[PDB]
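A short worksheet on the structure shown next.
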2 protein chains.
Amino acid sequence: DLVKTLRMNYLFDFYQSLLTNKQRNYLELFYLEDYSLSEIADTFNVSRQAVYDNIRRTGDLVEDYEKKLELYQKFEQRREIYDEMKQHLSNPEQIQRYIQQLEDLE
Amino acid sequence: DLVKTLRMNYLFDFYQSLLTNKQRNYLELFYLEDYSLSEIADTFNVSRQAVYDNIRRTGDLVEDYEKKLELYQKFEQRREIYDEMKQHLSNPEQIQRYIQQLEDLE
């Protein structure tokens, strides 16, 4: 069900501005601050079920944004390309083809 | 206005997937295809006023997405750096600096 993964930290970083303050605060507490559902429920004095549905729904919204905008998938491929380019700084042909790949993934 | 029209044309490809079907179709017709409000209202058999209100909210929404995510601005900055790199393919130190510039953008 809910899993604290690297992916969720990145999706939040990319899409947090698109959320409401309440949606952001639920994900900040759970994923960024590593609170448990019970700790959040006690902080907001709401039921655990309520906390779970709020985090589940908001997480699904962020995944929906990623499917539409693909910012994390594009960032991941660019990061891989930058690392490879940093291994071929002295080869014009390699750099040229990596620039092409950076343009094509857009 | 002209400026809003130009902006909707630059920003549409980056954010159209976030819009509802109605928001997307009305924005396409008004800003990309130059239909009048009455023509759009007749095309979809709806209130000219509802169309005006929808387009007004949508135009503001799209500019707000660019203010928050900067996808068009960043795509164009990356485009310029890629083009600058193409002019220094034999300068290892310079290429390394451009990659640093790109990493600072993300």
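In the structure tokens, chains take letters A, B, ... by order of appearance, with residues numbered from 1 within each chain and ligands from 1 in the order shown.
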Using all C-alpha atoms paired in order, least-squares fit chain A onto chain B and give me the moved copy as a PDB file with N, CA and C atoms, in the first residue's frame.
```
ATOM      1  N   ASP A   1      -6.320  42.242 -22.673  1.00  0.00           N
ATOM      2  CA  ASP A   1      -7.044  41.095 -22.043  1.00  0.00           C
ATOM      3  C   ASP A   1      -6.554  39.763 -22.623  1.00  0.00           C
ATOM      4  N   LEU A   2      -7.378  39.040 -23.384  1.00  0.00           N
ATOM      5  CA  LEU A   2      -6.886  37.775 -23.954  1.00  0.00           C
ATOM      6  C   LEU A   2      -5.987  38.149 -25.137  1.00  0.00           C
ATOM      7  N   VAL A   3      -4.824  37.525 -25.212  1.00  0.00           N
ATOM      8  CA  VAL A   3      -3.882  37.826 -26.283  1.00  0.00           C
ATOM      9  C   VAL A   3      -3.339  36.495 -26.771  1.00  0.00           C
ATOM     10  N   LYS A   4      -3.265  36.322 -28.093  1.00  0.00           N
ATOM     11  CA  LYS A   4      -2.796  35.085 -28.685  1.00  0.00           C
ATOM     12  C   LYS A   4      -1.299  35.172 -28.899  1.00  0.00           C
ATOM     13  N   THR A   5      -0.571  34.649 -27.923  1.00  0.00           N
ATOM     14  CA  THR A   5       0.896  34.718 -27.917  1.00  0.00           C
ATOM     15  C   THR A   5       1.600  33.371 -28.021  1.00  0.00           C
ATOM     16  N   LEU A   6       2.901  33.426 -28.307  1.00  0.00           N
ATOM     17  CA  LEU A   6       3.690  32.223 -28.390  1.00  0.00           C
ATOM     18  C   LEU A   6       3.644  31.534 -27.028  1.00  0.00           C
ATOM     19  N   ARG A   7       3.734  32.343 -25.986  1.00  0.00           N
ATOM     20  CA  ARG A   7       3.732  31.803 -24.653  1.00  0.00           C
ATOM     21  C   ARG A   7       2.547  30.902 -24.421  1.00  0.00           C
ATOM     22  N   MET A   8       1.349  31.338 -24.809  1.00  0.00           N
ATOM     23  CA  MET A   8       0.194  30.491 -24.535  1.00  0.00           C
ATOM     24  C   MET A   8       0.242  29.186 -25.270  1.00  0.00           C
ATOM     25  N   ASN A   9       0.806  29.161 -26.486  1.00  0.00           N
ATOM     26  CA  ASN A   9       0.898  27.877 -27.171  1.00  0.00           C
ATOM     27  C   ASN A   9       1.799  26.939 -26.367  1.00  0.00           C
ATOM     28  N   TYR A  10       2.936  27.433 -25.880  1.00  0.00           N
ATOM     29  CA  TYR A  10       3.806  26.562 -25.113  1.00  0.00           C
ATOM     30  C   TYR A  10       3.194  26.146 -23.797  1.00  0.00           C
ATOM     31  N   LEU A  11       2.548  27.064 -23.084  1.00  0.00           N
ATOM     32  CA  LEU A  11       1.991  26.647 -21.792  1.00  0.00           C
ATOM     33  C   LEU A  11       0.962  25.546 -21.999  1.00  0.00           C
ATOM     34  N   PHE A  12       0.149  25.668 -23.040  1.00  0.00           N
ATOM     35  CA  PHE A  12      -0.821  24.630 -23.307  1.00  0.00           C
ATOM     36  C   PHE A  12      -0.100  23.306 -23.615  1.00  0.00           C
ATOM     37  N   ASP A  13       0.948  23.358 -24.427  1.00  0.00           N
ATOM     38  CA  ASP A  13       1.635  22.145 -24.760  1.00  0.00           C
ATOM     39  C   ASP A  13       2.188  21.424 -23.543  1.00  0.00           C
ATOM     40  N   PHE A  14       2.704  22.191 -22.593  1.00  0.00           N
ATOM     41  CA  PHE A  14       3.289  21.600 -21.391  1.00  0.00           C
ATOM     42  C   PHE A  14       2.292  21.102 -20.379  1.00  0.00           C
ATOM     43  N   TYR A  15       1.206  21.853 -20.214  1.00  0.00           N
ATOM     44  CA  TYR A  15       0.231  21.571 -19.164  1.00  0.00           C
ATOM     45  C   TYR A  15      -1.138  21.039 -19.544  1.00  0.00           C
ATOM     46  N   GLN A  16      -1.371  20.824 -20.835  1.00  0.00           N
ATOM     47  CA  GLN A  16      -2.686  20.371 -21.287  1.00  0.00           C
ATOM     48  C   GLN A  16      -3.204  19.111 -20.589  1.00  0.00           C
ATOM     49  N   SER A  17      -2.314  18.170 -20.264  1.00  0.00           N
ATOM     50  CA  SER A  17      -2.743  16.904 -19.678  1.00  0.00           C
ATOM     51  C   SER A  17      -3.354  17.066 -18.292  1.00  0.00           C
ATOM     52  N   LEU A  18      -3.062  18.189 -17.650  1.00  0.00           N
ATOM     53  CA  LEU A  18      -3.551  18.471 -16.298  1.00  0.00           C
ATOM     54  C   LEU A  18      -4.965  19.027 -16.255  1.00  0.00           C
ATOM     55  N   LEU A  19      -5.484  19.395 -17.426  1.00  0.00           N
ATOM     56  CA  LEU A  19      -6.825  19.979 -17.565  1.00  0.00           C
ATOM     57  C   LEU A  19      -7.905  18.943 -17.814  1.00  0.00           C
ATOM     58  N   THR A  20      -9.152  19.383 -17.720  1.00  0.00           N
ATOM     59  CA  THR A  20     -10.286  18.523 -18.016  1.00  0.00           C
ATOM     60  C   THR A  20     -10.486  18.587 -19.530  1.00  0.00           C
ATOM     61  N   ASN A  21     -11.309  17.695 -20.062  1.00  0.00           N
ATOM     62  CA  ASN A  21     -11.570  17.690 -21.511  1.00  0.00           C
ATOM     63  C   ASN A  21     -12.163  19.041 -21.925  1.00  0.00           C
ATOM     64  N   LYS A  22     -13.106  19.548 -21.131  1.00  0.00           N
ATOM     65  CA  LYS A  22     -13.735  20.822 -21.458  1.00  0.00           C
ATOM     66  C   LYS A  22     -12.757  21.977 -21.432  1.00  0.00           C
ATOM     67  N   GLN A  23     -11.878  22.001 -20.430  1.00  0.00           N
ATOM     68  CA  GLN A  23     -10.887  23.076 -20.358  1.00  0.00           C
ATOM     69  C   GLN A  23      -9.966  23.000 -21.566  1.00  0.00           C
ATOM     70  N   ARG A  24      -9.530  21.787 -21.912  1.00  0.00           N
ATOM     71  CA  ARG A  24      -8.662  21.608 -23.072  1.00  0.00           C
ATOM     72  C   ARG A  24      -9.391  22.035 -24.339  1.00  0.00           C
ATOM     73  N   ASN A  25     -10.669  21.666 -24.477  1.00  0.00           N
ATOM     74  CA  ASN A  25     -11.329  22.005 -25.720  1.00  0.00           C
ATOM     75  C   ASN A  25     -11.489  23.514 -25.909  1.00  0.00           C
ATOM     76  N   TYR A  26     -11.756  24.238 -24.825  1.00  0.00           N
ATOM     77  CA  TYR A  26     -11.867  25.690 -24.939  1.00  0.00           C
ATOM     78  C   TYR A  26     -10.541  26.283 -25.426  1.00  0.00           C
ATOM     79  N   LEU A  27      -9.422  25.869 -24.830  1.00  0.00           N
ATOM     80  CA  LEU A  27      -8.119  26.406 -25.264  1.00  0.00           C
ATOM     81  C   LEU A  27      -7.684  25.898 -26.657  1.00  0.00           C
ATOM     82  N   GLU A  28      -8.049  24.670 -27.020  1.00  0.00           N
ATOM     83  CA  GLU A  28      -7.741  24.146 -28.355  1.00  0.00           C
ATOM     84  C   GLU A  28      -8.474  25.011 -29.380  1.00  0.00           C
ATOM     85  N   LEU A  29      -9.743  25.305 -29.133  1.00  0.00           N
ATOM     86  CA  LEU A  29     -10.454  26.110 -30.108  1.00  0.00           C
ATOM     87  C   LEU A  29      -9.920  27.523 -30.201  1.00  0.00           C
ATOM     88  N   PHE A  30      -9.702  28.155 -29.065  1.00  0.00           N
ATOM     89  CA  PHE A  30      -9.259  29.547 -29.099  1.00  0.00           C
ATOM     90  C   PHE A  30      -7.813  29.736 -29.496  1.00  0.00           C
ATOM     91  N   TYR A  31      -6.903  29.078 -28.797  1.00  0.00           N
ATOM     92  CA  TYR A  31      -5.506  29.293 -29.095  1.00  0.00           C
ATOM     93  C   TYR A  31      -4.919  28.411 -30.168  1.00  0.00           C
ATOM     94  N   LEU A  32      -5.327  27.157 -30.250  1.00  0.00           N
ATOM     95  CA  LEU A  32      -4.707  26.313 -31.267  1.00  0.00           C
ATOM     96  C   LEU A  32      -5.342  26.413 -32.626  1.00  0.00           C
ATOM     97  N   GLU A  33      -6.668  26.526 -32.653  1.00  0.00           N
ATOM     98  CA  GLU A  33      -7.425  26.618 -33.892  1.00  0.00           C
ATOM     99  C   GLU A  33      -7.740  28.057 -34.279  1.00  0.00           C
ATOM    100  N   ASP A  34      -7.369  29.002 -33.417  1.00  0.00           N
ATOM    101  CA  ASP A  34      -7.608  30.431 -33.649  1.00  0.00           C
ATOM    102  C   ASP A  34      -9.060  30.828 -33.910  1.00  0.00           C
ATOM    103  N   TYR A  35      -9.989  30.180 -33.211  1.00  0.00           N
ATOM    104  CA  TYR A  35     -11.397  30.580 -33.307  1.00  0.00           C
ATOM    105  C   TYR A  35     -11.537  31.862 -32.500  1.00  0.00           C
ATOM    106  N   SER A  36     -12.526  32.676 -32.832  1.00  0.00           N
ATOM    107  CA  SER A  36     -12.771  33.870 -32.035  1.00  0.00           C
ATOM    108  C   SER A  36     -13.762  33.454 -30.932  1.00  0.00           C
ATOM    109  N   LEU A  37     -13.949  34.318 -29.941  1.00  0.00           N
ATOM    110  CA  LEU A  37     -14.888  34.051 -28.864  1.00  0.00           C
ATOM    111  C   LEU A  37     -16.283  33.826 -29.422  1.00  0.00           C
ATOM    112  N   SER A  38     -16.639  34.603 -30.436  1.00  0.00           N
ATOM    113  CA  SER A  38     -17.958  34.450 -31.076  1.00  0.00           C
ATOM    114  C   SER A  38     -18.100  33.103 -31.774  1.00  0.00           C
ATOM    115  N   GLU A  39     -17.050  32.660 -32.454  1.00  0.00           N
ATOM    116  CA  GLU A  39     -17.141  31.378 -33.127  1.00  0.00           C
ATOM    117  C   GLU A  39     -17.288  30.262 -32.111  1.00  0.00           C
ATOM    118  N   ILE A  40     -16.603  30.368 -30.971  1.00  0.00           N
ATOM    119  CA  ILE A  40     -16.741  29.330 -29.945  1.00  0.00           C
ATOM    120  C   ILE A  40     -18.128  29.398 -29.329  1.00  0.00           C
ATOM    121  N   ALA A  41     -18.590  30.617 -29.047  1.00  0.00           N
ATOM    122  CA  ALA A  41     -19.914  30.767 -28.453  1.00  0.00           C
ATOM    123  C   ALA A  41     -20.947  30.120 -29.372  1.00  0.00           C
ATOM    124  N   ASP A  42     -20.812  30.300 -30.688  1.00  0.00           N
ATOM    125  CA  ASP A  42     -21.772  29.686 -31.622  1.00  0.00           C
ATOM    126  C   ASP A  42     -21.631  28.164 -31.671  1.00  0.00           C
ATOM    127  N   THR A  43     -20.408  27.668 -31.538  1.00  0.00           N
ATOM    128  CA  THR A  43     -20.176  26.231 -31.558  1.00  0.00           C
ATOM    129  C   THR A  43     -20.804  25.557 -30.339  1.00  0.00           C
ATOM    130  N   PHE A  44     -20.667  26.189 -29.182  1.00  0.00           N
ATOM    131  CA  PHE A  44     -21.194  25.616 -27.951  1.00  0.00           C
ATOM    132  C   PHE A  44     -22.592  26.125 -27.611  1.00  0.00           C
ATOM    133  N   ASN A  45     -23.060  27.084 -28.404  1.00  0.00           N
ATOM    134  CA  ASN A  45     -24.349  27.713 -28.188  1.00  0.00           C
ATOM    135  C   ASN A  45     -24.449  28.215 -26.743  1.00  0.00           C
ATOM    136  N   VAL A  46     -23.435  28.971 -26.335  1.00  0.00           N
ATOM    137  CA  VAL A  46     -23.389  29.563 -25.003  1.00  0.00           C
ATOM    138  C   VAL A  46     -23.105  31.032 -25.222  1.00  0.00           C
ATOM    139  N   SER A  47     -23.200  31.825 -24.168  1.00  0.00           N
ATOM    140  CA  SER A  47     -22.976  33.252 -24.328  1.00  0.00           C
ATOM    141  C   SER A  47     -21.502  33.570 -24.514  1.00  0.00           C
ATOM    142  N   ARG A  48     -21.217  34.695 -25.158  1.00  0.00           N
ATOM    143  CA  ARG A  48     -19.835  35.126 -25.343  1.00  0.00           C
ATOM    144  C   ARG A  48     -19.176  35.322 -23.980  1.00  0.00           C
ATOM    145  N   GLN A  49     -19.937  35.840 -23.020  1.00  0.00           N
ATOM    146  CA  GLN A  49     -19.405  36.065 -21.690  1.00  0.00           C
ATOM    147  C   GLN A  49     -18.950  34.752 -21.088  1.00  0.00           C
ATOM    148  N   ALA A  50     -19.758  33.713 -21.280  1.00  0.00           N
ATOM    149  CA  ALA A  50     -19.438  32.389 -20.755  1.00  0.00           C
ATOM    150  C   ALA A  50     -18.133  31.852 -21.364  1.00  0.00           C
ATOM    151  N   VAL A  51     -17.980  32.028 -22.673  1.00  0.00           N
ATOM    152  CA  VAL A  51     -16.783  31.569 -23.375  1.00  0.00           C
ATOM    153  C   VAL A  51     -15.575  32.345 -22.841  1.00  0.00           C
ATOM    154  N   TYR A  52     -15.714  33.657 -22.736  1.00  0.00           N
ATOM    155  CA  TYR A  52     -14.632  34.486 -22.218  1.00  0.00           C
ATOM    156  C   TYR A  52     -14.221  34.052 -20.809  1.00  0.00           C
ATOM    157  N   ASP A  53     -15.170  33.889 -19.891  1.00  0.00           N
ATOM    158  CA  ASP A  53     -14.736  33.504 -18.561  1.00  0.00           C
ATOM    159  C   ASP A  53     -14.077  32.126 -18.529  1.00  0.00           C
ATOM    160  N   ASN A  54     -14.560  31.206 -19.355  1.00  0.00           N
ATOM    161  CA  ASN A  54     -13.987  29.870 -19.391  1.00  0.00           C
ATOM    162  C   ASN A  54     -12.555  29.954 -19.908  1.00  0.00           C
ATOM    163  N   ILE A  55     -12.331  30.712 -20.969  1.00  0.00           N
ATOM    164  CA  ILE A  55     -10.967  30.781 -21.494  1.00  0.00           C
ATOM    165  C   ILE A  55     -10.043  31.558 -20.548  1.00  0.00           C
ATOM    166  N   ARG A  56     -10.548  32.641 -19.975  1.00  0.00           N
ATOM    167  CA  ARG A  56      -9.759  33.431 -19.054  1.00  0.00           C
ATOM    168  C   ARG A  56      -9.349  32.573 -17.844  1.00  0.00           C
ATOM    169  N   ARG A  57     -10.313  31.886 -17.241  1.00  0.00           N
ATOM    170  CA  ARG A  57     -10.012  31.061 -16.068  1.00  0.00           C
ATOM    171  C   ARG A  57      -9.032  29.913 -16.328  1.00  0.00           C
ATOM    172  N   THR A  58      -9.222  29.233 -17.456  1.00  0.00           N
ATOM    173  CA  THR A  58      -8.377  28.108 -17.826  1.00  0.00           C
ATOM    174  C   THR A  58      -6.976  28.612 -18.160  1.00  0.00           C
ATOM    175  N   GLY A  59      -6.896  29.757 -18.829  1.00  0.00           N
ATOM    176  CA  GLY A  59      -5.594  30.332 -19.113  1.00  0.00           C
ATOM    177  C   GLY A  59      -4.904  30.693 -17.798  1.00  0.00           C
ATOM    178  N   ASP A  60      -5.645  31.204 -16.821  1.00  0.00           N
ATOM    179  CA  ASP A  60      -5.013  31.557 -15.550  1.00  0.00           C
ATOM    180  C   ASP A  60      -4.519  30.294 -14.837  1.00  0.00           C
ATOM    181  N   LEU A  61      -5.248  29.195 -14.999  1.00  0.00           N
ATOM    182  CA  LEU A  61      -4.850  27.928 -14.378  1.00  0.00           C
ATOM    183  C   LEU A  61      -3.541  27.450 -15.000  1.00  0.00           C
ATOM    184  N   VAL A  62      -3.436  27.556 -16.315  1.00  0.00           N
ATOM    185  CA  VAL A  62      -2.196  27.118 -16.953  1.00  0.00           C
ATOM    186  C   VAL A  62      -1.014  28.006 -16.512  1.00  0.00           C
ATOM    187  N   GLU A  63      -1.256  29.307 -16.335  1.00  0.00           N
ATOM    188  CA  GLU A  63      -0.190  30.198 -15.874  1.00  0.00           C
ATOM    189  C   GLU A  63       0.162  29.827 -14.438  1.00  0.00           C
ATOM    190  N   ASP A  64      -0.840  29.400 -13.662  1.00  0.00           N
ATOM    191  CA  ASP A  64      -0.578  28.985 -12.271  1.00  0.00           C
ATOM    192  C   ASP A  64       0.321  27.746 -12.294  1.00  0.00           C
ATOM    193  N   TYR A  65       0.050  26.814 -13.206  1.00  0.00           N
ATOM    194  CA  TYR A  65       0.892  25.629 -13.278  1.00  0.00           C
ATOM    195  C   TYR A  65       2.321  26.014 -13.648  1.00  0.00           C
ATOM    196  N   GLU A  66       2.481  26.980 -14.553  1.00  0.00           N
ATOM    197  CA  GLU A  66       3.824  27.393 -14.950  1.00  0.00           C
ATOM    198  C   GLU A  66       4.573  28.048 -13.791  1.00  0.00           C
ATOM    199  N   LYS A  67       3.881  28.831 -12.966  1.00  0.00           N
ATOM    200  CA  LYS A  67       4.546  29.459 -11.829  1.00  0.00           C
ATOM    201  C   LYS A  67       5.032  28.395 -10.845  1.00  0.00           C
ATOM    202  N   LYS A  68       4.255  27.326 -10.702  1.00  0.00           N
ATOM    203  CA  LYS A  68       4.628  26.262  -9.767  1.00  0.00           C
ATOM    204  C   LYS A  68       5.675  25.293 -10.309  1.00  0.00           C
ATOM    205  N   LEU A  69       5.523  24.889 -11.565  1.00  0.00           N
ATOM    206  CA  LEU A  69       6.421  23.900 -12.160  1.00  0.00           C
ATOM    207  C   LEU A  69       7.539  24.416 -13.032  1.00  0.00           C
ATOM    208  N   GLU A  70       7.355  25.616 -13.572  1.00  0.00           N
ATOM    209  CA  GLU A  70       8.368  26.278 -14.368  1.00  0.00           C
ATOM    210  C   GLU A  70       8.859  25.472 -15.566  1.00  0.00           C
ATOM    211  N   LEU A  71       8.006  24.649 -16.167  1.00  0.00           N
ATOM    212  CA  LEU A  71       8.478  23.845 -17.276  1.00  0.00           C
ATOM    213  C   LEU A  71       8.850  24.677 -18.480  1.00  0.00           C
ATOM    214  N   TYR A  72       8.097  25.729 -18.775  1.00  0.00           N
ATOM    215  CA  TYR A  72       8.439  26.544 -19.939  1.00  0.00           C
ATOM    216  C   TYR A  72       9.707  27.354 -19.678  1.00  0.00           C
ATOM    217  N   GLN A  73       9.823  27.960 -18.502  1.00  0.00           N
ATOM    218  CA  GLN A  73      11.031  28.737 -18.229  1.00  0.00           C
ATOM    219  C   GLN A  73      12.265  27.826 -18.267  1.00  0.00           C
ATOM    220  N   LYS A  74      12.157  26.584 -17.786  1.00  0.00           N
ATOM    221  CA  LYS A  74      13.316  25.676 -17.846  1.00  0.00           C
ATOM    222  C   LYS A  74      13.605  25.237 -19.278  1.00  0.00           C
ATOM    223  N   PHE A  75      12.554  24.939 -20.032  1.00  0.00           N
ATOM    224  CA  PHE A  75      12.726  24.558 -21.435  1.00  0.00           C
ATOM    225  C   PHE A  75      13.396  25.718 -22.201  1.00  0.00           C
ATOM    226  N   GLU A  76      12.992  26.963 -21.932  1.00  0.00           N
ATOM    227  CA  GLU A  76      13.566  28.096 -22.634  1.00  0.00           C
ATOM    228  C   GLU A  76      15.050  28.236 -22.357  1.00  0.00           C
ATOM    229  N   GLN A  77      15.432  28.114 -21.095  1.00  0.00           N
ATOM    230  CA  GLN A  77      16.857  28.246 -20.815  1.00  0.00           C
ATOM    231  C   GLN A  77      17.656  27.076 -21.403  1.00  0.00           C
ATOM    232  N   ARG A  78      17.105  25.863 -21.385  1.00  0.00           N
ATOM    233  CA  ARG A  78      17.840  24.732 -21.942  1.00  0.00           C
ATOM    234  C   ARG A  78      18.002  24.912 -23.437  1.00  0.00           C
ATOM    235  N   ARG A  79      16.963  25.429 -24.101  1.00  0.00           N
ATOM    236  CA  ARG A  79      17.022  25.629 -25.552  1.00  0.00           C
ATOM    237  C   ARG A  79      18.143  26.602 -25.884  1.00  0.00           C
ATOM    238  N   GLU A  80      18.262  27.672 -25.102  1.00  0.00           N
ATOM    239  CA  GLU A  80      19.319  28.644 -25.336  1.00  0.00           C
ATOM    240  C   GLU A  80      20.695  27.987 -25.150  1.00  0.00           C
ATOM    241  N   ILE A  81      20.840  27.192 -24.090  1.00  0.00           N
ATOM    242  CA  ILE A  81      22.102  26.507 -23.837  1.00  0.00           C
ATOM    243  C   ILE A  81      22.440  25.521 -24.949  1.00  0.00           C
ATOM    244  N   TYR A  82      21.464  24.746 -25.416  1.00  0.00           N
ATOM    245  CA  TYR A  82      21.789  23.810 -26.483  1.00  0.00           C
ATOM    246  C   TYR A  82      22.313  24.557 -27.697  1.00  0.00           C
ATOM    247  N   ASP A  83      21.715  25.697 -28.017  1.00  0.00           N
ATOM    248  CA  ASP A  83      22.177  26.440 -29.186  1.00  0.00           C
ATOM    249  C   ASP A  83      23.609  26.917 -28.998  1.00  0.00           C
ATOM    250  N   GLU A  84      23.941  27.396 -27.803  1.00  0.00           N
ATOM    251  CA  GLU A  84      25.301  27.858 -27.551  1.00  0.00           C
ATOM    252  C   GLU A  84      26.277  26.686 -27.582  1.00  0.00           C
ATOM    253  N   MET A  85      25.875  25.544 -27.028  1.00  0.00           N
ATOM    254  CA  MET A  85      26.752  24.377 -27.026  1.00  0.00           C
ATOM    255  C   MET A  85      27.057  23.955 -28.461  1.00  0.00           C
ATOM    256  N   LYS A  86      26.073  24.089 -29.343  1.00  0.00           N
ATOM    257  CA  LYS A  86      26.266  23.700 -30.738  1.00  0.00           C
ATOM    258  C   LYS A  86      27.243  24.617 -31.479  1.00  0.00           C
ATOM    259  N   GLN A  87      27.730  25.642 -30.777  1.00  0.00           N
ATOM    260  CA  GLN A  87      28.700  26.578 -31.333  1.00  0.00           C
ATOM    261  C   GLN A  87      30.088  26.341 -30.736  1.00  0.00           C
ATOM    262  N   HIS A  88      30.157  25.448 -29.757  1.00  0.00           N
ATOM    263  CA  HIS A  88      31.398  25.153 -29.061  1.00  0.00           C
ATOM    264  C   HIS A  88      31.664  23.657 -28.858  1.00  0.00           C
ATOM    265  N   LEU A  89      31.222  22.859 -29.826  1.00  0.00           N
ATOM    266  CA  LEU A  89      31.371  21.418 -29.775  1.00  0.00           C
ATOM    267  C   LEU A  89      32.813  20.946 -29.614  1.00  0.00           C
ATOM    268  N   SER A  90      33.770  21.772 -30.052  1.00  0.00           N
ATOM    269  CA  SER A  90      35.190  21.440 -29.953  1.00  0.00           C
ATOM    270  C   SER A  90      35.937  22.063 -28.783  1.00  0.00           C
ATOM    271  N   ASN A  91      35.208  22.558 -27.789  1.00  0.00           N
ATOM    272  CA  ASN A  91      35.855  23.169 -26.636  1.00  0.00           C
ATOM    273  C   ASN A  91      35.338  22.465 -25.377  1.00  0.00           C
ATOM    274  N   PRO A  92      36.121  21.534 -24.823  1.00  0.00           N
ATOM    275  CA  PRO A  92      35.737  20.781 -23.630  1.00  0.00           C
ATOM    276  C   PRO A  92      35.355  21.649 -22.431  1.00  0.00           C
ATOM    277  N   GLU A  93      36.074  22.754 -22.241  1.00  0.00           N
ATOM    278  CA  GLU A  93      35.794  23.649 -21.121  1.00  0.00           C
ATOM    279  C   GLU A  93      34.441  24.349 -21.254  1.00  0.00           C
ATOM    280  N   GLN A  94      34.103  24.745 -22.477  1.00  0.00           N
ATOM    281  CA  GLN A  94      32.819  25.392 -22.751  1.00  0.00           C
ATOM    282  C   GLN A  94      31.708  24.373 -22.531  1.00  0.00           C
ATOM    283  N   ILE A  95      31.850  23.189 -23.118  1.00  0.00           N
ATOM    284  CA  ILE A  95      30.820  22.164 -22.948  1.00  0.00           C
ATOM    285  C   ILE A  95      30.650  21.832 -21.480  1.00  0.00           C
ATOM    286  N   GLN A  96      31.756  21.728 -20.757  1.00  0.00           N
ATOM    287  CA  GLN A  96      31.674  21.421 -19.349  1.00  0.00           C
ATOM    288  C   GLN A  96      30.890  22.480 -18.582  1.00  0.00           C
ATOM    289  N   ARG A  97      31.137  23.745 -18.882  1.00  0.00           N
ATOM    290  CA  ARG A  97      30.425  24.781 -18.145  1.00  0.00           C
ATOM    291  C   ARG A  97      28.965  24.883 -18.549  1.00  0.00           C
ATOM    292  N   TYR A  98      28.647  24.566 -19.799  1.00  0.00           N
ATOM    293  CA  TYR A  98      27.252  24.585 -20.211  1.00  0.00           C
ATOM    294  C   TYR A  98      26.537  23.405 -19.540  1.00  0.00           C
ATOM    295  N   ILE A  99      27.215  22.263 -19.391  1.00  0.00           N
ATOM    296  CA  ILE A  99      26.552  21.134 -18.705  1.00  0.00           C
ATOM    297  C   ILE A  99      26.241  21.582 -17.264  1.00  0.00           C
ATOM    298  N   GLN A 100      27.163  22.319 -16.647  1.00  0.00           N
ATOM    299  CA  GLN A 100      26.938  22.787 -15.286  1.00  0.00           C
ATOM    300  C   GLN A 100      25.712  23.677 -15.244  1.00  0.00           C
ATOM    301  N   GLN A 101      25.570  24.538 -16.251  1.00  0.00           N
ATOM    302  CA  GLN A 101      24.410  25.443 -16.279  1.00  0.00           C
ATOM    303  C   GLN A 101      23.107  24.649 -16.449  1.00  0.00           C
ATOM    304  N   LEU A 102      23.138  23.598 -17.260  1.00  0.00           N
ATOM    305  CA  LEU A 102      21.960  22.737 -17.447  1.00  0.00           C
ATOM    306  C   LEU A 102      21.592  22.075 -16.134  1.00  0.00           C
ATOM    307  N   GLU A 103      22.588  21.658 -15.365  1.00  0.00           N
ATOM    308  CA  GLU A 103      22.287  21.047 -14.080  1.00  0.00           C
ATOM    309  C   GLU A 103      21.757  22.078 -13.081  1.00  0.00           C
ATOM    310  N   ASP A 104      22.290  23.294 -13.126  1.00  0.00           N
ATOM    311  CA  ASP A 104      21.880  24.291 -12.146  1.00  0.00           C
ATOM    312  C   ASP A 104      20.501  24.864 -12.353  1.00  0.00           C
ATOM    313  N   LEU A 105      20.000  24.806 -13.578  1.00  0.00           N
ATOM    314  CA  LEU A 105      18.691  25.385 -13.804  1.00  0.00           C
ATOM    315  C   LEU A 105      17.550  24.463 -13.393  1.00  0.00           C
ATOM    316  N   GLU A 106      17.872  23.209 -13.097  1.00  0.00           N
ATOM    317  CA  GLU A 106      16.857  22.217 -12.727  1.00  0.00           C
ATOM    318  C   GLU A 106      16.106  22.581 -11.446  1.00  0.00           C
TER     319      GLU A 106
END
```
Could you give me the residues within chain A that DSSP places in helix (DSSP H, G or I), as a PyMOL selection string? chain A and resi 6-18+21-32+37-44+48-69+71-85+92-104
